[PDB]
> 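First the structure, which I've put down as structure tokens, then a few questions once you've had a look.
Just so it is clear, the values below take in all heavy atoms, side chains as well, and ignore hydrogens, waters and symmetry mates. Within every chain, numbering begins at 1; the chains are lettered A, B, ... in the order of the sequence lines, protein sequences first and strands thereafter.
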Amino acid sequence: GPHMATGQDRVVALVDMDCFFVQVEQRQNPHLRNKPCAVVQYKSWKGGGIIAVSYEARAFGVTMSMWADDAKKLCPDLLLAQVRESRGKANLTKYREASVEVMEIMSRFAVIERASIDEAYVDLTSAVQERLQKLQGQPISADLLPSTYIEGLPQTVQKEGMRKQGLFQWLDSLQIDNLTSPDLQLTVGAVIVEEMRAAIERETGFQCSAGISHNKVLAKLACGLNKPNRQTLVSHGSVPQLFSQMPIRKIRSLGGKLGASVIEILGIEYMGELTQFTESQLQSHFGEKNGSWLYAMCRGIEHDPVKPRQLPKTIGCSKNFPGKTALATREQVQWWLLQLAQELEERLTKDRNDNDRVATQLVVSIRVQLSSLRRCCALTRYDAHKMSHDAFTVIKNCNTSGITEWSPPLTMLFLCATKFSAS
DNA sequence: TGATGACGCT
DNA sequence: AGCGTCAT
Ligand SMILES: Nc1ccn([C@H]2C[C@H](O)[C@@H](COP(=O)(O)OP(=O)(O)OP(=O)(O)O)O2)c(=O)n1
Ligand SMILES: [Ca+2]
Ligand SMILES: [Ca+2]
């Protein structure tokens with residue numbers, strides 16, 4: 001009826017860097033540019049663990065979480081860049097700093113929510129209203145949308161041909177007369193995101209993709225539809241067809257046990273199928289919150305706000321100790337707690353200088369031969385010896401060894417600074 | 001054979 | 001508070 005909310009109130013984008021760590025390394029080392037290449041951590045174990053892959057290497061079947069020695073079997077000419085190691089562990093500072101470059105650029109356009117090291121949500125509703133005012137109600141030219149795909153359109157034989165036919169159908173259909181058409185608002189949003197992505201590339205060298213829609217889940221889904229170096233507009237109207245063959249697990253938060261249970265309990269495969277169930281039925285199976293969430297989401301509606309948050313809320317350091325490397329002496333545990341604590345102290349001091357805040361809680365987490373114990377103590381001083389001494393103090397009792405020895409051995413250590421306050 | 005980070009439940 | 005889920 002005239003009172004059925006359609007979840008078209010906002011314009012939300014999700015901007016995600018293409019093969020991010022790989023681009024960081026390629027910018028640094030021009031010999032890696034436009035080549036099959038990957039970023040690896042820890043060279044000794046099977047050439048190291050692949051944690052990022054260029055699109056060129058992806059064409060050979062190289063993936064994340066593959067051992068480099070194995071990746072080389074698929075791609076003999078694969079080039080590799082190694083993650084920095086400091087104090088005996090992988091150190092991700094280069095990637096965090098590149099991340100800050102990008103986030104700082106996006107923050108000029110609109111308030112952002114840092115969703116991860118290489119992606120951010122953007123609420124463009126106000127920016128769109130304003131840009132709609134700045135225009136004299138002039139039509140939107142395709143030239144303003146050079147890398148934009150309109151999902152579901154068109155309805156030639158080469159990719160760019162298709163892209164342009166879809167875009168032309170979209171723009172030809174557009175009611176630029178009313179400033180309150182959600183489709184018009186999304187289109188202006190897409191123009192702004194073209195501008196943002198251009199500024200990111202110009203000012204960092206980094207390419208990215210984006211999704212533009214009415215909420216975060218649709219924006220995120222849209223982003224991945226046409227990668228790399230392209231952006232995708234998913235309109236409200238596109239949702240029934242898009243979801244009609246969209247596996248449940250592709251939607252953010254449904255990739256795990258809950259999505260599996262949706263599939264198993266309801267006996268469905270695709271997002272669209274969820275529409276067959278009453279809100280009450282879905283709530284009965286998956287709980288009040290999840291139920292309402294699913295009922296709205298399968299109709300393309302979601303209300304989770306883009307949160308005004310550009311900085312991580314926690315600062316952490318962890319190290320696994322697999323197999324025979326598991327820690328078995330107290331001196332070992334103490335030494336590694338110290339390495340972790342020294343990295344953490346460096347990052348915390350930098351953080352306090354840049355961001356005018358101080359962490360107040362230290363979380364210590366271990367695994368014994370995914371977390372054997374998690375204990376918190378006060379963080380009152382940015383001092384590595386104190387933090388590691390305190391960590392030790394709070395995991396001390398875990399040692400079942402009556403004997404200078406640690407039993408069972410520890411296969412993971414984790415230090416996390418949390419509960420920031422202004423300073 | 002990894003290193004992170006946000007948020008939900010009780 | 002501690003533990004779990006989901007994700008990059
Ligand atoms: N399990 C993972 C996933 C990602 N990353 C790091 C390396 C990635 O380069 C960066 C961003 O991850 P994405 O999942 O966005 O993947 P990419 O940016 O590498 O590729 P795409 O272009 O597919 O987004 O985070 C990681 O360390 N461990
Ligand atoms: Ca990415
Ligand atoms: Ca990402």
Side-chain angles (χ1 to χ4, degrees), chain A residues 14-22 39-53 63-70 82-96 99 113-121 216-217 220 223-224 248-261 286-288 290 293 304-307 309-323 325-326 339-340 343-344 347 359 361-367 369 371 374-378 394-395 409 411-418 420:
Chain A
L14 182 272
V15 172
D16 173 81
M17 313 306 298
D18 299 331
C19 53
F20 185 46
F21 287 13
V22 166
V39 175
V40 70
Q41 62 187 5
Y42 298 132
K43 290 291 300 182
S44 65
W45 184 265
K46 283 122 91 82
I50 297 304
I51 65 176
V53 189
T63 66
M64 260 172 211
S65 302
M66 189 173 283
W67 296 113
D69 284 352
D70 296 334
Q82 291 174 24
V83 175
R84 179 187 298 124
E85 279 173 60
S86 311
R87 305 180 195 85
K89 63 178 295 292
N91 188 295
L92 303 169
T93 301
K94 188 195 293 182
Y95 312 111
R96 294 195 184 101
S99 183
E113 175 176 354
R114 184 203 198 264
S116 74
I117 200 166
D118 85 322
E119 75 203 82
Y121 291 94
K216 294 161 67 180
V217 161
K220 177 60 167 170
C223 186
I248 301 289
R249 70 180 175 274
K250 301 298 178 176
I251 277 54
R252 170 155 119 274
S253 75
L254 294 187
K257 294 182 175 190
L258 173 60
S261 78
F286 316 108
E288 180 182 323
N290 288 331
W293 187 81
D304 185 32
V306 176
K307 296 163 177 50
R309 197 193 71 246
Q310 184 176 351
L311 303 179
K313 314 159 71 75
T314 57
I315 292 180
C317 311
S318 74
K319 181 136 195 305
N320 292 347
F321 302 93
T325 64
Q339 305 310 298
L340 282 183
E343 183 184 324
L344 186 58
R347 292 167 55 189
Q361 186 180 59
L362 179 70
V363 179
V364 185
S365 177
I366 70 172
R367 190 174 186 187
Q369 194 161 52
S371 177
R374 185 258 206 202
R375 295 286 195 273
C376 71
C377 61
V394 307
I395 68 165
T411 54
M412 183 276 299
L413 292 181
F414 182 43
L415 295 183
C416 190
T418 70
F420 288 97

> Taking NZ in A:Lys46 as the centre, count heavy atoms belonging to other residues, nucleotides or ligands within less than 6.0 Å. Is the count above 12?
yes
> Hey, does A:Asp16 reach any base, or is it just sugar-phosphate, or nothing, if we go heavy atoms under 4.0 Å?
nothing
> From the set C:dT8, C:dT5, B:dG2, return the single nucleotide nearest to any side-chain atom of A:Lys257.
C:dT5
> Of the candidate nucleotides C:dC6, B:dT4, B:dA6, which contains the atom at the shortest distance from the side chain of A:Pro312?
B:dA6
> Grab the NZ-P distance between A:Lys43 and B:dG2 for me, whole Å please.
16 Å
> Given B:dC7, is OP1 or OP2 found less than 4.0 Å from the side-chain N or O atoms of A:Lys313?
yes
> A:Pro322 side chain: which of B:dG5, B:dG2, C:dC3 is closest?
B:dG2
> Mapping A:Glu113 and A:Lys319 onto DNA chain B by nearest heavy atom, which one lands closer to the 5' end?
A:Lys319
> Counting only side-chain heavy atoms from C-beta out, which of C:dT8, B:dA3, C:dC6 sits nearest to A:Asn320?
B:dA3
> If the cut-off is 4.0 Å, is A:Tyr95 near the phosphate of C:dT8, judged by side-chain N/O to OP1 or OP2?
no
> Starting at CD1 of A:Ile117 and ending at P of C:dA7, how long is that distance when rounded to a whole Å?
19 Å
> Distance check: side-chain N/O of A:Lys220 vs OP1/OP2 of C:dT8, anything under 4.0 Å?
yes
> How long is the line joining CZ of A:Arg252 and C1' of B:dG5, in whole Å?
14 Å
> Is the A:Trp45 ring parallel, tilted or perpendicular to the A:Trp67 ring (thresholds 30°, 60°)?
perpendicular
> To the nearest Å, how far apart are A:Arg96 CZ and B:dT4 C1'?
7 Å
> What contact category does A:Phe20 fall into here, base, sugar-phosphate, or nothing, at under 4.0 angstrom with non-hydrogen atoms?
nothing
> If the cut-off is 4.0 Å, is A:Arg367 near the phosphate of B:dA3, judged by side-chain N/O to OP1 or OP2?
no
> Whole Å only: how far is the CD atom of A:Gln41 from the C1' atom of C:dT8?
13 Å
> Taking side chain to side chain contact (heavy atoms under 4.5 Å, CB included) as the test, write out the residues that go with A:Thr93, two or more places apart.
A:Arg84, A:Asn91, A:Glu97
> A:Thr314 side chain N/O closer than 4.0 Å to the phosphate oxygens (OP1, OP2) of B:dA6?
yes
> Identify whether any heavy atom of A:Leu254 sits under 4.0 Å from a base atom; if not, whether one sits that close to sugar-phosphate; answer base, sugar-phosphate or nothing.
sugar-phosphate
> Could you work out which one of C:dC3, B:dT1, B:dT4 sits closest to the side chain of A:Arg374?
C:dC3
> Any base atoms under 4.0 Å from A:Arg249, or only sugar-phosphate, or nothing? Heavy atoms, all strands.
nothing
> Between C:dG2, B:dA3, B:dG5, which nucleotide gets closest to the side-chain atoms of A:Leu92?
B:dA3
> For the residue pair A:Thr411 / A:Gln369, report whether a side-chain donor-acceptor contact shorter than 3.5 Å exists.
no
> If you compare every side-chain N and O of A:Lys89 against the phosphate oxygens of B:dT4 (OP1, OP2), does one of them come in below 4.0 Å?
yes
> Can you tell me if A:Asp70 uses its side chain to pair, donor with acceptor, with the backbone of A:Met66 under 3.5 Å?
no
> Please report, rounded to the nearest Å, how far the P atom of B:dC9 is from the CD atom of A:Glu288.
10 Å
> Test of understanding: with side chain to side chain donor-acceptor pair (under 3.5 Å), list the residues that count as partners of A:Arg309, not counting sequence neighbours.
none
> Across the strands shown, which category fits A:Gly49 at heavy-atom distances under 4.0 angstrom: base, sugar-phosphate, nothing?
nothing
> Give a yes/no on whether any side-chain N or O of A:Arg347 is located under 4.0 angstrom from OP1 or OP2 of B:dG5.
yes
> Can you tell me which residue among A:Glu343, A:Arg347, A:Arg96 is in a side-chain contact (heavy atoms from CB on, under 4.5 Å) with A:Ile315?
A:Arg347
> Go through B:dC7, C:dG2, B:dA3 for me and flag the one nearest to the A:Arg375 side chain.
C:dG2
> Could you tell me how far apart A:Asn290 (CG) and B:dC9 (P) are, to the nearest whole angstrom?
7 Å
> Side chain of A:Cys317 only, please: which of B:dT4, B:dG2, C:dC6 is the nearest?
B:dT4
> Please state how far atom CD1 in A:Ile51 lies from atom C1' in C:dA7, giving the value in whole angstrom units.
15 Å
